[PDB]
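Report on the following structure.
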Amino acid sequence: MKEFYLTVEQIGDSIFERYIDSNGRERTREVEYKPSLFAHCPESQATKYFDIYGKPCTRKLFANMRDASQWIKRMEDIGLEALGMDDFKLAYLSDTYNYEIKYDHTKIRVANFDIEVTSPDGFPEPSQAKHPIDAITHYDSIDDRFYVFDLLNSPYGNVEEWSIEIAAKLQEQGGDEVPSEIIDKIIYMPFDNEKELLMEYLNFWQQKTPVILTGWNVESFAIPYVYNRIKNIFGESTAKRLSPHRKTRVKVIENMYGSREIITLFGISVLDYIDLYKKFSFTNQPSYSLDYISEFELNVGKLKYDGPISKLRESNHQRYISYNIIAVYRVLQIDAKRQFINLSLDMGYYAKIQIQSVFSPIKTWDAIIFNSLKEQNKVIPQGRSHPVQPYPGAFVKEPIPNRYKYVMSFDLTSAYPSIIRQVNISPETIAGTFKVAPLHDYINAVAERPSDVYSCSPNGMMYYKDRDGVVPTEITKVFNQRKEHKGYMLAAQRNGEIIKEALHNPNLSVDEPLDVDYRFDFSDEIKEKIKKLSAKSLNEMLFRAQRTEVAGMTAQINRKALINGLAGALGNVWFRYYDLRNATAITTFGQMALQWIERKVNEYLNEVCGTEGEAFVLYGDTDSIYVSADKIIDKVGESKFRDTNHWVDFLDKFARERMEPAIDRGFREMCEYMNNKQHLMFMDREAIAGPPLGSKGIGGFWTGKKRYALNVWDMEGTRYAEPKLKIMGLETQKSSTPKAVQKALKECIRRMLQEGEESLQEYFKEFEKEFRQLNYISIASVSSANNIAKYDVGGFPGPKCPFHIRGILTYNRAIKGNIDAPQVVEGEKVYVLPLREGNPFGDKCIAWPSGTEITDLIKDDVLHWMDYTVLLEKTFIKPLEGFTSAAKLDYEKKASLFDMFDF
DNA sequence: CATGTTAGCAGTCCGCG
DNA sequence: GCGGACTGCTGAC
Ligand SMILES: [Ca+2]
Ligand SMILES: [Ca+2]
Ligand SMILES: [Ca+2]
Ligand SMILES: [Ca+2]
Ligand SMILES: [Ca+2]
C-alpha cells in the first residue's frame, strides 16, 4: 500500500514521525530535516522558483531547522522578506508525501479512555493529582477491546472485583445493563495497589500507543490527571512515557483562584470529543455533561446511581466500574452516529497537517494553499503583522413586522465561496482598482460599468479573468466535495419522508428491512416494496435513513464551514493571505447581489401579475430572499386548489419554471455588468410556506431582523409527510431559554401558524394553569458563566454584575463550607432561577452547574423560594407577547362589548 | 498560538419635580 | 415605571 503519516513533531533539529509503511506496519523515525526558505533575487538570475506575483526567488537550503529560524530573524533585522513555509513540519509532510494521501483508518490506532478518581474533598484537580486513580477504561480501535484497570485497594476503601455477569444483567434485575454487544469485548484487570495499576497502564500504553487520543473532557481532566498522578508517584521522566518521543510540554491556565493545566503529549494527536462536538455538531447545548449529550444524541437514559459520586466506589463499586465502562462506550456510540473522527482524518490528510490542526481553519488553509503552490514551484509569502481593523459584512433587510401567509424563500448556493470563484478573488489575481460609485448605483444599474477587461467587485477591486487563482482553485475542490455529500444527505432526507408516508399504513407481516443505499433516491421498485413492509422493518429503515442523513450532514456542513472559513480568514490578521481588499470584495459583492436580485424579483413578479410597484420581497439576509406569495395564490384563487399539497405543488412549479429562470437571467446581467470570470450565482428555492388549506393558520410571521417563523411544506426539494416549522432567532431556538418553555413557545407557534388565534388562546390558558407543576430544571434559564471573579466583591455582587453571575455568587455563599458541593467552573454553563423576596439566600436569584441536580443541601430551599411569577413573565409571556404583537394576534381574549352577555 | 460581520433581547445603571 | 447607553450573551448569516 501507499505510505501515510500518523503523527509528526519538531523537536530541536529533528522531525519525529510515526507513520504507516508500505506493508501497512506502524513505524517511527527521527529525521534531521533540511528545510528550504527563499529570498527575492535579481531578474537576471535563472531559477525555477517564483513568488506568487511572479518575481524570481533563490532557494536557501539550510543545514538544519535552527539555522533556518535564525535566518528568518536576520532577514527581519535587515528588513527583507523571508519567503517559504516557516512551519517546518508542514514542509516535511509536503516533501515526504508528494501525492494525494490515501489512508487506511483500520491501521490508525484510535484510543478512547476515561478515568475515575474518588475524592472526599471536592473536585480532584488534575494539576495537584493528590487522589488515587481507581479506574481506567481504555478502548483500543485496532484491538476493538475495552481494557479496564480496576483498583481494589485504596485509602478510600477496599472493594471486591467487578462482576461481568452482574454488569450484563438488566438494572431491574440488579445489574448494570452494560450493553450486550460489548460484554465480549471487555478485558478486565484488577489490581491490589495503584502503583501496580499505573505501571501496567504505562506498559500497556507502550504496546498500544494511541495515534488519535479521544474521549470526553480528556484534555482538561483525564490526560493531565494521569500525567500528574504518575509524575507525583514515579517522577516526571516516568510520566513522560505517555509520549512516544518522551517529550511533553505543560501549559498552566489558570483560573486565578485557583488554576489548571493542559499537557502536550508529543507524537500523539489529542482530539477531545467535547471539542470535536462543539466545532463539528452545530448545536449549542445547555450542558456538556456526557449524560446530557448521550441522551440528546442517542436517546439513552441517564446512568443513574444513589448518593454522591465521592461515595459510589465504596457503596457500589460494581456500578462504579460498569459506569466507567459505559461512559467510554457512549463516546464511541456518539461517534458512530456523528463521524467526527472520520471527518477529522479526512480533513487532516487532505490538508497534510497534524490531525489536531483541524480545529484551525487558518492552519488547514495555509497547508492546502502551500501544497498547491509548491506543486507549481511557487513560493509562499512571509507572514506579516497587521493591526486589527473592522470591515463591512452583509446586508440584512429590515422587515415589516407582520404575519405573512404564503412565503417562498430563495438563497445562493455556497454564497461567499461562489463569489470568490465568480470574481476570481485571490492574493495573486489582483489586477488593479476602479473609482467606486455608491453601492445603490450598482444595485440599480445606473453606475458606469467598472471594467470591460477585468472581473470586478463593487468594492473597487479588479481581478484577472484569464488565469486561475490558488484561492478559487482550492476552494472549488472543497466545494465540490461538499456538494457531493449534501446530495447524499438530501437523498436520505427524501428517502426518510417516503418511509414516514408508508408508516401511515404498516403491513401485518414478519419481514426484513430492504438492503438499499439511502444516499440515492429510492427507485420505483423499492417504493413498491416499502408499501408492503411491516412497521418493524419500516421503522428500522427509517433509523438507517436518518443515520445516513446525519453522516451526509457531518460531511457536508463542515466542508461548507471550511470554505466559508477561507472567506472569513482573508479578514483575520494571522492568515498568511490576509487582505481586506479581498475580504471586502466578497462582502460588498454579496451586498450588491442580494439587493440587485431583490429589485429583479419585484420587477418580474409585478410584470407576471399584471401590476406595478408592489413589494413582493418582504425580507432577506446576506444571500437570501423571502417572497410573499399571496398575490401569486390570489391570481389563480384559493378556491381552485384541492388540498394543501396542490398549492404547494403549484408554488413549487412556479418557483422552478418561472421564478428561477427569471432569477438566473437577473444574475447573468449582473455578471456581465461586473465583467466576471464565471457566472456562479445560483439562487435555488429553499422553503415553500403557508397555512393548511382551509385552516385559520397565519402561515408565518416576522418580528424583526433575524427573527421569524414559517410553516414549511417543502424544503430544498424535500416534500414533508408532516409540515415542519422553520424558526430562526426566536427564543425556541436559544439554549438559554428553559427546556419546557422552548417546548411551550414552539407549540404556541405551531398553533398560530397552523391553527389560528383561538387554538393559541386555548393552549396559553392551559400552559399558564399548569406551569407551576413542571420540574424545576425544565423551567430554569441557562447561561455561560464568564468572568465570575471580576464581579466577586467579598462574596457579593460588584457593580454591573450580570444576573446569572449574581446567581453564582448566591450559590457560592449557600454552599460555603460544604466539602463536596459542586463548584461552578469559570466559563461553563449554569441553570438560573429567580427567588422570591425574603428568601434565605439573601438575593433575587440562584445559579448552579447546568446538566446537574442542585446539591441536596439547598435543593429544597430553592424549590420553596422559586419565583414562578417572575419565571413565567420573563421566559414565556414576554417572548410570546413579541410573537403575537408582530403577528397582530392576541394570546388572551381581549375584553369587548360581548362580555356583557352570558355565553 | 489565531474564520468573518450583523443583530436582537435581558440585564444594570441612571435620569426623571 | 420606563427610556437610553452600556455589557453580556446568543444566534443568523
Ligand atoms: Ca466518571
Ligand atoms: Ca446560501
Ligand atoms: Ca403498507
Ligand atoms: Ca442563507
Ligand atoms: Ca439551496
Side-chain angles (χ1 to χ4, degrees), chain A residues 87 249 251 253 262 264 279 282-286 356-366 383 385-386 388-399 401 411-412 414-417 475 558 560-580 582-584 586-588 590-591 594 619-624 686 702-708 726-737 781-788 790-791 797-807 827 829-830 832 834 844-845 870 873-875 878-879 881-882 886:
Chain A
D87 191 334
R249 176 188 283 112
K251 184 65 84 284
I253 168 84
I262 283 97
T264 302
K279 185 168 169 57
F282 291 84
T283 64
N284 195 6
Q285 299 291 15
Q356 63 268 39
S357 294
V358 298
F359 290 113
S360 176
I362 277 166
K363 173 68 57 180
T364 301
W365 277 116
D366 200 43
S385 193
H386 318 279
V388 172
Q389 286 180 314
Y391 67 93
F395 179 77
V396 182
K397 192 191 165 59
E398 184 77 60
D411 71 284
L412 293 180
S414 186
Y416 283 10
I475 216 178
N558 291 287
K560 165 187 176 185
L562 184 71
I563 59 182
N564 290 345
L566 181 57
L570 290 162
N572 179 288
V573 302
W574 305 101
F575 192 42
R576 191 177 306 272
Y577 310 100
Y578 172 78
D579 197 336
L580 254 38
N582 288 340
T584 63
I586 298 156
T587 63
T588 315
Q591 286 204 18
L594 175 44
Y619 183 64
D621 176 346
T622 308
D623 72 329
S624 60
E686 184 213 14
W702 266 257
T703 77
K705 289 168 174 189
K706 280 153 199 287
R707 280 177 69 91
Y708 64 91
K726 195 210 170 193
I727 305 172
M728 294 306 294
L730 309 190
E731 282 71 10
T732 51
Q733 305 312 109
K734 294 164 86 178
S735 65
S736 50
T737 297
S781 299
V782 176
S783 198
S784 301
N786 295 305
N787 296 290
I788 309 162
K790 193 220 271 217
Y791 297 104
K800 302 159 182 182
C801 184
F803 189 83
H804 64 287
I805 305 291
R806 172 177 305 267
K829 290 190 174 173
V830 296
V832 183
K844 63 180 171 160
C845 60
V870 163
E873 250 295 326
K874 264 151 51 154
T875 63
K878 202 168 172 197
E881 158 66 18

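Order of the sequence lines sets the chain letters (A, B, ...), proteins ahead of strands, with each chain counted from 1.
Listed nucleotides: B:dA2, B:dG8, C:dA12. Nearest to the side chain of A:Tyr708: C:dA12. Of all nucleotides listed (B:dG11, B:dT6, B:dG8), B:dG8 comes nearest to the side chain of A:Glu398. Relative to the side chain of A:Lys874, the nucleotides B:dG11, B:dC1, C:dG8 differ in distance, and B:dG11 lies closest. Among B:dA2, B:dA7, B:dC9, the nucleotide with an atom closest to any side-chain atom of A:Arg707 is B:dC9. Among B:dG4, B:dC13, C:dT10, the nucleotide with an atom closest to any side-chain atom of A:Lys800 is B:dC13. The listed nucleotides are C:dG11, B:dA2, C:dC9; the one nearest the side chain of A:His804 is C:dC9. The side chain of A:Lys705 has B:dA7 as its nearest neighbour among C:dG8, B:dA10, B:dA7. Of the candidate nucleotides B:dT3, C:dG11, B:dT6, B:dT3 has the atom nearest to the side chain of A:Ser360. Distances were taken from every side-chain heavy atom of A:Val396 (C-beta onward) to each of B:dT6, C:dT10, B:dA2; the shortest belongs to B:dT6.
Contact annotation: A:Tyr578 side-chain N/O to B:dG4 OP1/OP2 distance is not under 4.0 Å. Between C:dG8 and A:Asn786, no contact under 4.0 Å exists linking OP1 or OP2 to a side-chain N or O. For A:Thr622 and B:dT5, the shortest distance from a side-chain N or O to OP1 or OP2 is not below 4.0 Å.
No contact: A:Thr587 has no heavy atom under 4.0 Å from any strand. Heavy atoms of A:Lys251 sit nowhere under 4.0 angstrom from any nucleic acid atom. Using a 4.0 Å heavy-atom criterion, one finds that A:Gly393 contacts the sugar-phosphate atoms exclusively. If you check every strand for non-hydrogen atoms under 4.0 Å, A:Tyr391 touches sugar and phosphate atoms only. No contact: A:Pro879 has no heavy atom under 4.0 Å from any strand. Contact annotation for A:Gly729: backbone-only contact, meaning every heavy-atom pair under 4.0 Å involves sugar-phosphate atoms and none involves a base.
A donor N or O paired with an acceptor N or O is not found under 3.5 Å between the base of B:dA7 and the side-chain atoms of A:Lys706.
Comparing A:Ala567 and A:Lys397 along DNA chain B, the residue whose closest nucleotide (by nearest heavy atom) sits nearer the 5' end is A:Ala567.
Stacking of A:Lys874 on the aromatic ring of A:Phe803 is recorded, both the 6.0 Å distance cut-off and the 45° axial limit being met.
Put simply, A:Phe803 does not rest on the base of B:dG11: the two rings are not both less than 5.5 Å apart at their centres and under 30° in tilt.
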